[PDB]
Amino acid sequence: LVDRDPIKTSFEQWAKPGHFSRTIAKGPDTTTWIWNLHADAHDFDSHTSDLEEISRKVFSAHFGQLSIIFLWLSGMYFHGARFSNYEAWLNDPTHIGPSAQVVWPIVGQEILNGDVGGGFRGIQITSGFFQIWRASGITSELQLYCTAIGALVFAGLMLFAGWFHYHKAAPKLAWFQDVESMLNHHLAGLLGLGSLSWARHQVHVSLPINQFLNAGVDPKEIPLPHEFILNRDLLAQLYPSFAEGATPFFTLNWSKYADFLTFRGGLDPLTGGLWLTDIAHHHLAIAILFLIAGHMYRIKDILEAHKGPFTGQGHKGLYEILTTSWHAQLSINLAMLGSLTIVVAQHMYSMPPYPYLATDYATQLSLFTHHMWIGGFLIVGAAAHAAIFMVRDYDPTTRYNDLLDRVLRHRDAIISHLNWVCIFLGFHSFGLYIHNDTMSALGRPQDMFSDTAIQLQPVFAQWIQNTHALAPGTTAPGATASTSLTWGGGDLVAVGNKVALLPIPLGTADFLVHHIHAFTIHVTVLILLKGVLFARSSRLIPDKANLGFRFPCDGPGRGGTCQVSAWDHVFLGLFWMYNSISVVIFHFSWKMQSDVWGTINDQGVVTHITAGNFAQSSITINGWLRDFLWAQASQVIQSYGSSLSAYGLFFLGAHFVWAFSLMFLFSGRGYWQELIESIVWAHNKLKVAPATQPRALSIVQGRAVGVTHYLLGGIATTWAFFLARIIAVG
Amino acid sequence: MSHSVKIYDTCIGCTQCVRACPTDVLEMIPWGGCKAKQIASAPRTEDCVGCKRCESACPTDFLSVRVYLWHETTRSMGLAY
Amino acid sequence: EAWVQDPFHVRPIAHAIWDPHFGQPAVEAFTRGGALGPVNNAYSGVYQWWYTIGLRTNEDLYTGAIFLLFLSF
Amino acid sequence: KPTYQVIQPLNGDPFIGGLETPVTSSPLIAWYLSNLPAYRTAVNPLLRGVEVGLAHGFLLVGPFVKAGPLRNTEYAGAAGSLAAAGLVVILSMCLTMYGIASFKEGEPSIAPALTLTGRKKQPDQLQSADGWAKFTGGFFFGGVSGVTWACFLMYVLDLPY
Amino acid sequence: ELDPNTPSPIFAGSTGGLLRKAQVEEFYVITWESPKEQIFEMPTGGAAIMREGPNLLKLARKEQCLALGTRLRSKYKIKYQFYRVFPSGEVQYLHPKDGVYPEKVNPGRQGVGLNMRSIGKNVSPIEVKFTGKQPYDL
Ligand code: CLA
Ligand code: CLA
Ligand SMILES: CC(=CC=C/C(C)=C/C=C/C=C(C)/C=C/C=C(C)/C=C/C1=C(C)CCCC1(C)C)/C=C/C1=C(C)CCCC1(C)C
Ligand SMILES: CC(=CC=C/C(C)=C/C=C/C=C(C)\C=C\C=C(C)\C=C\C1=C(C)CCCC1(C)C)/C=C/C1=C(C)CCCC1(C)C
Ligand SMILES: CCCCCCCCCCCCO[C@H]1O[C@H](CO)[C@@H](O[C@H]2O[C@H](CO)[C@@H](O)[C@H](O)[C@H]2O)[C@H](O)[C@H]1O
Ligand SMILES: CC1=C(C/C=C(\C)CCC[C@H](C)CCC[C@@H](C)CCCC(C)C)C(=O)c2ccccc2C1=O
Ligand code: SF4
Ligand code: SF4
């Protein structure tokens, strides 16, 4: 490569078979290299043996995400605008049931478009814009239509910064290979100067423009497009223009106030989205930190420091090569980014941060399972890419005798434990349920594990929940309710359409799911842990870093010698996690509806989507299709001829696509060869085949087309199963 | 057989061709005329495990070996331990 | 000497189910009408062909093994 | 005296594993375990048999007398023996037909002492079948029996709380 | 061990190599030369240094102890050398024997390559029924 280095053509390489390792795509024709090319398209063991560029590509072909997230969002703000329902829904919430998308009545279509609120035909939503959008210290349809192009602005430009890299003759080493400052900046002023800046446009404008919305009006009977300047006169209703204070400090007098904030906790009676009078203070109280914080610091020093006896000598030196990795400083991240997403998935449902959520059931559980599959789909990854480290990244072995060289030292060890951990779980963590069946189908309840037969007695209570909803009497200042209304102590009155959150009780049938999670979270990790650890060398194969972290399987010998590797540990570790998340979901809604979601009327006699059927009856794991799968889902298999129907009508495909994975998952390989020729034969007789040697799937491609399907099958199955049992009663 | 997989070919030359495979294959045993004149299919095979790393490289033009040995020691699978 | 009095679609019988794990709902259907201790009824055909070639009376019947086995040896 | 023994991976050579840390070889533990069949074979297996039979004996009671199949018994034959004078029996020959993976057929008698032992290559086997008998024979009279001063002990019990 | 401490191939700890089945049966061990103090890679996951003595590390099983080559000849040196230790002596003189470097000529030793008939049309399946009198024990 070749034509025509180096100085001597502009003239670009369009035409001359191949590129990508060196008896390359060869003159001689084949098909495999067309899944090659797309696969491993991004990779680095080829492009050049020299760092340099790669970071000069990844900082660019990065970029085109932001730009995209940016072309996206636009078609969503536009969409959440002129394909309206937002104007209509806001004067009229509790009532509406929102839309943004609508068909066009071509062929069968229209059934999909079914009266949604402020008087029009369309398909609903479980993606809570219309609710960030509460915000709009302004309101107006064409307005979102500016926020929208404001979007396409950032894009084209935050997409010509990607021309304005790699393709432009690039920075180099020092620039990233001096790391010295990076987080200094990032966390200080953006992490900070956003949350900060967000403060300024979160009481200025928003607070007031829903301080007097939480009552009535019809917008523009409120919140002009400028109105909120110098005019610090409407800011008059929602506290002083500081009256006599000057830039906080103390020589201040309060005989009757304490600026906005005046801390809440609980839930607006009329809009239980948690209070906003807080929402400024908390973002303000963030940024400060970041504002102070991003002011470290320059690097080793701090890690070149605390060692011990058994501790980590190599702690000290924990990677020069943490300015020289990526694959390392990506995998770390994914575990966090990823593990720091599904921590969202709770603080959300047991502490809504947007006006109208909970009441809105289906428009924040979609959420709590979408956010839930990233705080998992990003974690197995966060392992894969460490395997990608553990195998290759560095040049030679310059890294030596440390925290790692340590961990490995034990390795038939850290994973020796963890194993038994799981079979201890599993036996205490699933056959637990199976008792019930075998003995409730035997039938003698005396002796089940019921929330009432095996000794536990009409209370769960005394633990820590009951010292959370009750803590506004410590060092605690206070503010009516708690922190998250779902806690043991006090209060009820939450909302006047349907319900929201209330205590959420426990014991057993909460006790043991909570434990299956353990064993499920654990054996997931076993296989990724041992997978990434044993990355490069072993006593089944030591000559075992010799290609890459994939490779099909070493060879029929040694007994098995197949799965091994760690593409594949990150192939059977997806396989679990699909459960990890797929059963955690199964958990939340069966709770959140068996109890919580349900509904008030006179004497607020509560009426859950289900009178707690959970009670004695998830404990049986059939109850999990007696009470779940066969109970709910009766909305999926009734769903024909309707408006949503696209779910029932998916739920057969994708409940097919999965049951197509097994064929990709369960089968040989010189098989579809042996077959692909019979074919290739009949082909030649008519004279119709040879050119581009047709070939079967690349052992591990085959596994690639398992898995990926098994998930986009086995998953949207419920994505359908769900939206079909919260739209319509619930 | 007890390690019987045929990788033979016809050149049995071994330069930019094949070497890989834990111990098993101490060949270069030049038969009285076969081009780069080194031939056959193995040496004393009662030593190591069951690869097909054996071809993967340098021709067998027919099959290539794999596991077929059945009678299978332990030293002949990592794990006798 | 029942089901050959007239075989109305109510629950024939194979053999007596006997497991120490059973609850007292030994008494609940599972324990099926005519006979005493619990049982599970012929879903194999046998019961309409040991009958359908005659072979009837409950004093007249109790051969089966007796032959077949003085055979199967 | 040092940083932690004369600092070592194993007894010596670091190419055997064991990675002698604590939880492995702290005089704090390795002595809580060698009147018994840890480092050295005291007397024969004969006697160790019943301290093993018995100790493991009066266990398996509240496990199957307080977690029994229909539990908290009002039958004078439970809060003790009942059945479980079955486990020791289902496993007092779960053993004997493992001492058939021991044969090696002798009769020396050296539970009396001579010259400060070693039993030398004491690792590997070097306990024949006529040893593993007198242990799993100590087991039965340690199992069945160790089940009754469980049972026999009334039960003065501390409770919940 | 220690009262006799004869070492060569530096390491410290590790839950990797050698365990129970390398006494009760066979042993396997590799030996080598080297220039000046250099830090290596290792089978069993770990990593240490060199200088000399015999430079004689002992290894669990012989696929394990030649991989010093599959990298430990991408780090200079003609000479590396692994034998076979028992719990008592010899027969199987492992890298001993005659010449070395699998790809030269002194003798021919074993191998053969053919069976009865060669790769040719064995569309011919399995022949005689296995019967103690016609040359199919090879
Ligand atoms: C910060 C993150 C992010 C980034 C930047 C990367 C980057 C990279 N990964 Mg990676 N990865 C990630 C997260 C990330 N990963 C996560 C979360 C996982 C866990 C699943 C993985 C698991 C993983 C593996 C196993 C591999 C990589 C590899 C790679 C490298 C190959 C890239 C490539 O060719 O695209 C690959 C993408 C394609 C070829 C496109 C096919 C996508 C299909 C499967 C569609 C997905 C289903 C979807 C519903 C279909 C669209 C809808 C349709 C129905 C219409 C590259 C450096 C590969 C490597 O060899 O390292 C050098 C190796 O294959 N990654
Ligand atoms: C893999 C399983 C297998 C099993 C477990 C069964 C089980 C059964 N089959 Mg069956 N079947 C099978 C394979 C099997 N079948 C196959 C492969 C075929 C096709 C050939 C059949 C065709 C078949 C038919 C047509 C029928 C059954 C029936 C039955 C049921 C009758 C009980 C019985 O078979 O007693 C078996 C009885 C005997 C073995 C003894 C009788 C044999 C006589 C014919 C022996 C004659 C020898 C005699 C002494 C010679 C006399 C000489 C001299 C005196 C002149 C029973 C459920 C019957 C049914 O419908 O029930 C409702 C009947 O319909 N089966
Ligand atoms: C330039 C600026 C700024 C700013 C500000 C800023 C700079 C802000 C920012 C912020 C940021 C933020 C606020 C962020 C956001 C983010 C987001 C929103 C995201 C989200 C998400 C998630 C959660 C994950 C993923 C997905 C998504 C994306 C959805 C300024 C500057 C200046 C100067 C120099 C001069 C004077 C004035 C001033 C002012 C001083
Ligand atoms: C038969 C068919 C189809 C089927 C189909 C089926 C039967 C199924 C399918 C499925 C698919 C899918 C399924 C895809 C997708 C998707 C999506 C869009 C997804 C999404 C999501 C996400 C976002 C993530 C996860 C979850 C979910 C899944 C929701 C067709 C056929 C044909 C013919 C005749 C011939 C011609 C061609 C055609 C015309 C073609
Ligand atoms: C579901 C299983 C029952 C187990 C938990 C029951 C323990 C607590 C009793 C009921 C709990 C629900 O709390 C509910 O009580 C009352 C229903 O009686 C309702 O009572 C409400 O209606 C009336 C209108 O002014 C007044 O009696 C009260 O001022 C008011 O709070 C409330 O809307 C709610 O606070
Ligand atoms: C079914 C199956 C196959 C056979 C699957 C094949 C051959 C799928 C590839 C089919 C291609 C995608 C069809 C492509 C042809 C069209 C793209 C050409 C026409 C262009 C369009 C206009 C139609 C494997 O190769 C395989 C390999 C390893 C493990 C398991 C399996 C496995 O289970
Ligand atoms: S075909 Fe293989 S090993 Fe056989 S003769 Fe050639 S390279 Fe030698
Ligand atoms: S192919 Fe066979 S003989 Fe050759 S190296 Fe592999 S295992 Fe050994």
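Residue numbers (the deposited numbering), protein chains in the order written: chain A, 21 to 318, 327 to 758; chain C, 1 to 81; chain B, 75 to 147; chain L, 5 to 165; chain D, 19 to 156. Just so it is clear, CB atoms sit at the ideal spot from N, CA and C, and this is done for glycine as well.
C-beta atoms of residue 16 (chain C) and residue 27 (chain C) nearer than 8 Å: no
Neighbourhood of residue 101 (chain L) by C-beta distance below 6 Å, restricted to the same chain and skipping five residues each side: none
Whole-Å CB distance - residue 680 (chain A) paired with residue 738 (chain A), under 8 Å assumed: Their Cβ separation, rounded to whole angstroms, is 17 Å, which puts residue 680 (chain A) and residue 738 (chain A) out of contact at 8 Å.
Cutoff 8 Å: residue 121 (chain D) Cβ touching any chain C Cβ: yes
For residue 103 (chain D) and residue 45 (chain D), believed in contact at Cβ under 8 Å, the rounded distance: 4 Å
In DSSP terms, what residue 56 (chain A) is bridged to: A:59
Closest by C-alpha distance to residue 103 (chain A), when choosing among A:113, A:119, A:90 and A:92: A:119
Residue interval of the alpha helix (DSSP H) (run including residue 708 (chain A)): 698 to 713
Check: residue 671 (chain A) C-beta below 7 Å from any heavy atom of ligand 6: no
Inter-residue spacing [alpha-carbon to alpha-carbon] between residue 18 (chain L) and residue 115 (chain D): 30 Å
Per-residue contacts from residue 81 (chain D) into chain C (C-beta, under 8 Å): 22, 23, 48, 49 and 78
Beta bridge counterpart(s) of residue 647 (chain A) as assigned by DSSP: Partner(s): none; residue 647 (chain A) has no beta bridge.
Where residue 84 (chain B) falls, given that 16 or more other Cβ within 10 Å makes a residue buried: exposed
Under 8 Å between C-beta atoms of residue 22 (chain C) and residue 59 (chain D): no
Neighbour flag for residue 26 (chain L) against chain D, beta carbons, 8 Å: no
Residue 22 (chain C): CB within 7 Å of a non-hydrogen atom of ligand 8: yes
Chain-ordered residues, beta carbon under 6 Å from a heavy atom of ligand 4: A:681, A:682, A:684, A:685, A:740, A:743, A:744 and A:747
Residue 1 (chain L) burial status per 10 Å Cβ neighbour count (16 or more: buried): Past the edges of chain L, shown from 5 to 165, lies residue 1 (chain L), and the structure says nothing about it.
Residue 50 (chain D) - DSSP class collapsed to helix/strand/coil: strand
Residue 395 (chain A) beta carbon less than 8 Å from that of residue 148 (chain A): yes
Three or more C-beta pairs below 8 Å linking the segment 508 to 524 of chain A and the segment 272 to 288 of chain A: yes
Helix, strand or coil at residue 615 (chain A) [DSSP, three-state]: helix
Any C-beta of chain C under 8 Å from that of residue 84 (chain D): yes
Min CB distance residue 460 (chain A) to chain B below 8 Å: no
Beta-carbon contacts of residue 382 (chain A) that lie in its chain and below 7 Å, excluding the five residues immediately before and after: 148, 151, 152, 154 and 293
Under the three-state DSSP convention, the category residue 74 (chain D) falls into: strand
Backbone secondary structure at residue 729 (chain A) - three-state DSSP: helix
Where the segment 15 to 46 of chain L meets chain D: residues whose CB sits under 9 Å from a CB there: 15, 16, 17, 18, 19, 20, 21, 22, 23, 24 and 25
Rounded Cβ spacing between residue 68 (chain C) and residue 4 (chain C) (contact assumed at less than 8 Å): 6 Å
CB contact below 8 Å: residue 61 (chain D) versus chain A: yes
Chain L contacts made by the segment 41 to 53 of chain D, where a contact means CB separation under 8 Å: 41 and 42
Segment contact, 8 Å Cβ cut-off, at least three pairs: the segment 72 to 90 of chain A with the segment 185 to 194 of chain A: yes
Unbroken stretches of the alpha helix (DSSP H), 4 residues or longer, contained in the segment 496 to 575 of chain A: 541 to 561
Interface flag, residue 64 (chain C) vs chain D, CB-CB below 8 Å: no
Partner residues on chain A for residue 97 (chain B), Cβ-Cβ distance less than 7 Å: 470, 471 and 472
Closer than 5 Å to ligand 6: residues, by C-beta to nearest heavy atom, in chain order: A:691, A:692, A:695, A:697, A:700, A:724, A:725 and A:730
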